[PDB]
């Protein structure tokens, strides 16, 4: 069934406690690090599996080491049965935290402050020549330590693609590129099976923040890829912002203006979040909604 059993020790060092995630791609375990005495995340991929994707995931994670909002890399390896990566263990993902909120909504305070962090992570992965291509709330996790629990960390590079060649140029888009990310947060371009660009990661961010602040997207009950693309294509997006800060029109109009070839104005989007906080007197060091101060006073 699973690749690693319960109590399996990888490289004499990382001992499986339980499976915390998995699909077609590979599986993710919580492990005890026998050297450091710390719990770690262990992600594994079958050595035979026809698509060898973990190799690319580790390469991305390694390039990003030293950026904020990135899991600390601990180790990786390869044998006859599986490839694996060991990374610092984070806490709960934003989909789990949003569904724990009484109405499935975050405050503007939580929404805007998570937005700044996710924006920073998107620019970071773009800055080392990669698209995420599956930006969604379950791919961000809060830290679990006193130094990290107010930090949001980007996970799961399993659908990432290098958008540059080996010498830093933007590579030519394929005329058709089959979109295989999550329906709910996919850009209209993704829905049309266009080559995805940096802008398409920022669309996914746009839709996440609306959904955080409002509790839902208009197409939430529709799972069909094609039906959802047809709804988004027609949807008057300025209407998503009816109950959002007016600065979010600057965000919408910007990413609407972008194409596959054009570098986003990340600072423009950051200033939207920053101006939206400043207008409502929102301080950076406020409790997140899920904290004792956040779930109380």
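Positions refer to the first chain, counted from 1. For clarity, a rigid core is taken as the largest C-alpha set superposing within 1.5 Å between two forms.
Asker: Would you mind working out which of 217-225 and 162-170 sits farther from this form in 6 other deposited structures of this protein by RMS C-alpha distance, with the rigid core as the fit?
Answerer: Farther from the shown form on average in 6 other deposited structures of this protein: 162-170.
Asker: Test of understanding: from the entry's C-alpha B-factors, which stretch has the higher mean, 25-33 or 226-234?
Answerer: Between 25-33 and 226-234, it is 25-33.
Asker: Decide which of the stretches 213-221 and 126-134 has the higher mean C-alpha B-factor, going by the entry.
Answerer: On average, C-alpha B-factors are higher across 213-221.
Asker: Which one of 193, 109, 165, 187 shows the top CA temperature factor in the record?
Answerer: Largest recorded C-alpha B-factor: 165.
Asker: Is residue 43 in the lowest, middle or highest third of its chain when residues are ranked by C-alpha B-factor?
Answerer: Answer is middle: the recorded C-alpha B-factor places it there.
Asker: Could you place residue 182 in the lowest, middle or highest third of its chain by Cα temperature factor, using the values in the record?
Answerer: For residue 182, whose C-alpha B-factor we compare with every modelled residue in the chain, the answer is the middle third.
Asker: Relative to the other modelled residues of the same chain, rank the CA B-factor of residue 259 and answer lowest, middle or highest third.
Answerer: Its C-alpha B-factor belongs to the lowest third of this chain's values.
Asker: Split into thirds by Cα B-factor across the chain's modelled residues, where does residue 96 land: lowest, middle or highest?
Answerer: Middle third by C-alpha B-factor.
Asker: Divide the modelled residues of the chain into thirds by Cα B-factor and specify which third, lowest, middle or highest, holds residue 105.
Answerer: For residue 105, the deposited C-alpha B-factor lands in the middle third.
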